[PDB]
DNA sequence: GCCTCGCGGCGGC
DNA sequence: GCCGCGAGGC
Ligand SMILES: [Zn+2]
């Protein structure tokens, strides 16, 4: 197993100073933080652990307070001896999700500075789709070492012990083993990473410097107005009733129900539909009423609970603000998923979604400033296909949907019917998602091979797009992956799936990911760029959220004119300067007003 | 306290 | 590409 004889628990200053001297001369050192809660802003540090060499790791208890607990170094002293090591940029620390550890250390006025290697990210940059990137999983994968899962030394459920209650030597067993494994994992992964500059560059210059900016954004969080949501909740209740009523105008009783089960699904028999919702029961049809009205219902109920009713319950008591959680190593293409307030999931073009964005308030004398990337994936696609047509559309500011419509439908720009710009929009966005022709016919759902004819007309006027496409489908099967403009690799194991039906999903994915991924890398770079500028100049502005391509700030009303200008300089410049970039900036007293 | 289906999650303690 | 939480039958 692992226990009390491996790692040392440091309960006295003399030993601690000895360990600091060796940390001062180590090339890189690991390190962990042990707390009494996962809330990075309300958690109290309970102990730390460091490992300098496989097997050589120790635990330092500072705040264990159970019945009759042994005397320990105080948190204050342990930290004042550890602080200069912790803030020394020349001291390269290694850890598993060092964003947490940065936040906790930030709570004591300590700015963690040697954030050199984060194992969870090395895993993610090594292979995005390889599997779960949590340490227990990396331990079985990279080292076949079954670790001590947290649940063992703390218990499960309600009477789960928090770390400070857990006995000094058991705590030590987990925390020091953690520190040690983290280091061994770094020792396996960093070599492989160094192999080939694509991935290594993303790690070195996007992924790792982003970690402390993500701890800043979460700890800033957002200010929300619980009143506005409550009004929209009463209203959402009302609206559900109609659906309930409108839903029932298309049928039925009977009911016991609602809500799912055999009750709504019953009608798949007599309300003659083809035959687990959102999904199946393709109403992709105008009528039948049942798989249409109950979808309008599920959607607003969702909206109601998930946002309108949960957002008021998530205000942090210490800050009076909501702190969304950004997960850096979870999506397959390189994007950031926000959870708890999952900003990505609030509907952009919907009337009930525009109310939610109104709840996000700018504090007194501050306004919300939004900076969004103007359809960057199409500008990225334009850059990946070397198609002079698309390049020029963007060069002289032509609305690409209308210019594309003028070429595809062979007609003068000035007279483009809006009826044609829509058909041009569908195709254009289609190619970004690697839309398999029928995809167009089902998105712009009403034509058949007319879409096929459309694709022909677009590729004849824009050959570069399918040049791009074939080249990508090629390197996809060939190498087993596709890379973004900087080197991020999506590994596609099923591109060669021996006609495994949706092997073609990997083909789609192959054309999709380079665009999604380069956009993602571009935003991360912009984030790093802006944050840097904030840490140096410290203007009255805080970066409060990031979602889908826009970055939301909270700039002081007086300073907005220069700040919106700086964002405009930073973002479309020290980012992917080889793509033609446009960032739209808005200001309003709330997120939607700034949109 | 128990089972199955449907939507939103995956790190850190 | 696999796990969880929450609702409805019960
Ligand atoms: Zn930890």
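Taking the Cβ of each residue in A:255, A:429, A:117 as the centre, tally the other Cβ atoms inside 10 Å and list the residues starting with the fewest.
Placing the least packed residue first, the sequence is A:255, A:429, A:117.
If you take the alpha carbon radius of gyration of chain A and divide it by 2.2 N^0.38 Å, what ratio comes out, to two decimals?
Computed over Cα atoms of chain A, the ratio equals 1.09.
Cα centroid distance between region A:88-133 and region A:486-547, in Å?
Result: 19 Å between the Cα centres.
At residue A:573 and residue A:92, where each label point lies 7 Å from the Cα along Cα→Cβ, what is the point-to-point distance in nanometres?
Here the answer is 3.1 nm between the modelled labels.
Percent relative contact order of region A:310-354, based on C-alpha pairs within less than 8 angstrom and at least six residues apart?
Averaging sequence separation for qualifying contacts and normalising by length gives 24 percent for region A:310-354.
Report the antiparallel proportion of the DSSP beta bridges in chain A as a percent, rounded to a multiple of 5.
Rounded to the nearest five, the antiparallel share is 85 percent.
Among A:404-412, A:526-534, how do they line up by average Cβ neighbours within 10 Å per residue, starting with the highest?
A:526-534, A:404-412
Starting from the Cα coordinates of region A:1-219, work out the convex hull volume and express it per residue in Å³.
Residue-normalised Cα hull volume stands at 124 Å³.
How many nm is it between the label spots at residue A:349 and residue A:231, if each spot is 7 Å from the Cα in line with the beta carbon?
Simple spin-label model gives 2.7 nm for this pair.
For n ≥ 4 DSSP H runs only, could you compute -39500 (n - 2.57) per run for chain A, divide by its residues and tell me the 222 nm figure to the nearest 500?
The helix-only estimate for chain A comes to -14500 deg cm²/dmol at 222 nm.
Diagonalise the Cα gyration tensor of region A:464-595 and give the resulting equivalent ellipsoid semi-axes, square root of 5 times each eigenvalue, largest first, whole Å.
38, 14, 12
Provide Rg over Rh for region A:132-215; use the alpha carbon set for both Rg and the Kirkwood Rh (inverse mean inverse pair distance).
That ratio equals 1.08.
Please work out the C-alpha center-to-center distance from region A:178-227 to region A:283-310 and express it in whole Å.
A separation of 37 Å, based on Cα centres.
Could you list, bin by bin from short to long, the percent of Cα-Cα pairs of region A:291-353 in 10 Å steps?
19, 39, 32, 9, 1
For region A:376-519, calculate the relative contact order in percent as a whole number, restricting contacts to Cα pairs under 8 Å that are 6 or more residues apart.
RCO, region A:376-519: 25 percent.
Which whole number in µm²/s is D for region A:376-519 by Stokes-Einstein, with the Kirkwood Rh taken over Cα pairs at 4 °C and 1.567 mPa s?
Approximately 82 µm²/s, per Stokes-Einstein.
May I ask you to derive the relative contact order of region A:1-219, considering only C-alpha pairs under 8 Å and at least 6 residues apart, and to give it as an integer percent?
Computed value for region A:1-219: 28 percent relative contact order.
For the pair residue A:143 and residue A:204, how long in nm is the line joining their label points, each one 7 Å along Cα→Cβ?
For residue A:143 paired with residue A:204, the spin-label model returns 2.6 nm.
For region A:220-325, just the Cα atoms, rotate onto the principal axes and tell me the three extents in Å, largest first.
Largest first, region A:220-325 extends 55, 26, 26 Å along its Cα principal axes.
With Kirkwood's inverse mean 1/r over C-alpha pairs for Rh, give me the Rg to Rh ratio of region A:514-567, two decimals please.
Ratio of gyration radius to Kirkwood radius: 1.01.
Computed from the coordinates by the stated procedures, all read-outs in this text should not be read as laboratory data. Note: ideal-geometry Cβ built from the backbone for every residue, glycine included; neighbour counts use all protein chains shown.
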